[PDB]
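Presented below is the structure to which this report refers.
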Amino acid sequence: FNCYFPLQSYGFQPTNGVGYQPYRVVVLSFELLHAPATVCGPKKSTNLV
Amino acid sequence: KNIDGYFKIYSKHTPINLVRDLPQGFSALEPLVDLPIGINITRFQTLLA
């Protein structure tokens, strides 16, 4: 009575709809601390004149 | 040394004839790496074989 195993399995199935099929989610977190910058985007270049 | 989070290292290699504690001469030390670690350091210690 009012005591249940909290974790529950999923119904990810081919029968499921768009709102119930699985979706591999990836949340990309970012950080801007006083520590130095360590990750940056790719830089471009060109030929040499 | 470590300045503004960047840990810098300079070094070289040379032969000597260790007749005394140190030699009376001159030779410059080139840079090796520059790591943007970003921590505080106040102590150190050596490791031996």
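In the structure tokens, the first chain shown is A, the next is B, and so on; residue numbers restart at 1 for each chain, and ligands run from 1 in the order shown.
Residue list for chain B within 9 Å of chain A: residues 4, 5, 6, 36, 37, 38 and 39 of chain B, counting only C-alpha atoms.
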Worksheet entry | Contacts of segment 8-20 of chain B within 10 Å, only C-alpha atoms, excl. fewer than 6 positions in-chain, as a PyMOL selection string | chain B and resi 1-2+27-36
Take the residues from that selection and put them in a file with N, CA and C atoms, as a CSV table (one decimal), in the first residue's frame.
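Output file result-v3.csv follows:
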chain,number,residue,atom,x,y,z
B,1,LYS,N,57.0,27.8,-13.3
B,1,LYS,CA,56.2,28.8,-12.7
B,1,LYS,C,54.8,28.7,-13.3
B,2,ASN,N,53.8,29.4,-12.7
B,2,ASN,CA,52.4,29.4,-13.1
B,2,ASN,C,51.9,30.8,-13.0
B,27,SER,N,74.4,29.9,-19.7
B,27,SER,CA,73.7,29.2,-20.7
B,27,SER,C,72.2,29.4,-20.6
B,28,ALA,N,71.5,29.7,-21.6
B,28,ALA,CA,70.1,30.1,-21.6
B,28,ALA,C,69.3,28.8,-21.6
B,29,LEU,N,68.1,28.9,-21.1
B,29,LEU,CA,67.1,27.8,-21.0
B,29,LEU,C,65.9,28.1,-21.9
B,30,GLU,N,65.7,27.2,-22.8
B,30,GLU,CA,64.6,27.3,-23.8
B,30,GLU,C,63.3,26.9,-23.3
B,31,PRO,N,62.2,27.4,-23.9
B,31,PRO,CA,60.9,26.9,-23.4
B,31,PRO,C,60.6,25.5,-23.9
B,32,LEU,N,59.7,24.8,-23.1
B,32,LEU,CA,59.4,23.4,-23.4
B,32,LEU,C,57.9,23.3,-23.7
B,33,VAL,N,57.0,23.7,-22.8
B,33,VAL,CA,55.6,23.6,-23.0
B,33,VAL,C,54.9,24.8,-22.3
B,34,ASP,N,53.6,24.9,-22.4
B,34,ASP,CA,52.8,25.9,-21.8
B,34,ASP,C,51.4,25.4,-21.6
B,35,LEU,N,51.0,25.0,-20.4
B,35,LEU,CA,49.8,24.2,-20.1
B,35,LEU,C,48.8,25.2,-19.5
B,36,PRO,N,47.5,25.3,-20.1
B,36,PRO,CA,46.5,26.2,-19.5
B,36,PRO,C,45.7,25.5,-18.5
